[PDB]
Each structure stands twice: as C-alpha cells, then as structure tokens.
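Only one chain is given next, in structure tokens, and it is the form solved without N-(4-methoxyphenyl)glycinamide.
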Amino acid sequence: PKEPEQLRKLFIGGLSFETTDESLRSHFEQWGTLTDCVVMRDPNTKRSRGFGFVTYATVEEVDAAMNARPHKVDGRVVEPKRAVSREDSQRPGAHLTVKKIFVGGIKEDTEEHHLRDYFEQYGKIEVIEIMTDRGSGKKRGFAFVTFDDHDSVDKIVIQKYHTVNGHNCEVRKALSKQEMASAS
C-alpha cells in the first residue's frame, strides 16, 4: 500500500473477552481489505487484553470504518480510534477521547477564518478561541479549536504538519488545567 501503515491502522478498544483475530476480521472486513488484524493477548496466559488493531489497504477504507460507528463486535460495543504510534503514545494524554485541540505557534495576526480554512476539512467546528492575555489584550500565540467528533481531533493530531495563516503550527490534544499540571 502507498499510504503509511500507521495511518491505515485503527486501535479497537473494549473488545469482548471472546473476540479473536478471526471474529474481529469478520466484522471489520465489511469496510475494506484488511492487511492486518490482531487481538492483543498476555504472553503467558494468552488471555485477551481487550483490545486489538485492524489495518486497511487504504486510509479511505479507514475513514469508511470510522463513518460506520458505533461498532458492535461479538455482542459488545467497541471503541475504534485512530492508531497512535508507539512514539506518540508516550506523551501525556495521547489516548484521551477529546474534542478540543491546542494549536501552538500561530502568528499575531491570525484570525478565526485562518483556522477555519485549515481545520474545517477535518470536521465540524463548534468553537474557536484565539487566546489573549486577559489584562493586556496581547495575543499569546495559541488557540483552541473544538470539534463535534473526537475522530476529527484524532485525524488531525496523528499528522505532523499543519499550515495556518501561511505557516506551520503544532497541534496537540487539549489537556485540562489540571492535566497540564499533572504532566509537568
């Protein structure tokens, strides 16, 4: 396949105890050709860890699978998520289900239309907030964007580069005030 394996792969959380490679495949093959399908197990006990991965031949097929939520596998509602790489999985909050992104390093003259013209393609935007110092009114160089669907956030943050108001910016899942403090 032309597109990277990491972007063709979904984490499937909350599997029934009973789900196997074969039953997971039988379900998710409805939305495309699977190049990989695995239920993770504890080595010695071989018991399911309750999650697995499915990988499609194309990202378009991944998108079709996410568009078909909610998914019931072997009688249990499961939780498919964009697969976060092992490296990125080390970061605080990498696996949270959130609807808001932090957008860091935006120019002083960035306005909401700049953020819409990059982010609307990923999903329905509910809130845009370009952050200022409350007292001085000075722009602080970051914004928060809130979407309607956590998968919009997940599709965004697995990518490396994001161009807003002409220049790259860094985009991460939003951590709460207390989550920021616990990550320090």
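Note that residue numbering begins at 1 and tracks the sequence as displayed.
Here the subject shifts to the form solved in complex with N-(4-methoxyphenyl)glycinamide, a form of this protein not shown in this document.
Novice: Do all of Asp63, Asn67 and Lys155 end up near N-(4-methoxyphenyl)glycinamide in the deposited complex, with near meaning a heavy atom within 4.5 Å?
Specialist: Per the other structure, all of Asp63, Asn67 and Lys155 touch N-(4-methoxyphenyl)glycinamide.
Novice: Is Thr33 close enough to N-(4-methoxyphenyl)glycinamide in the deposited complex to count, meaning some heavy atom within 4.5 Å?
Specialist: Output for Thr33 is no: heavy atoms all beyond 4.5 Å of N-(4-methoxyphenyl)glycinamide.
Novice: Even though the chain is shown alone, can you say which residues of 112-151 have a heavy atom within 4.5 Å of N-(4-methoxyphenyl)glycinamide in the deposited complex?
Specialist: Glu120, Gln121, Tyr122, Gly123, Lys124 sit within 4.5 Å of the partner.
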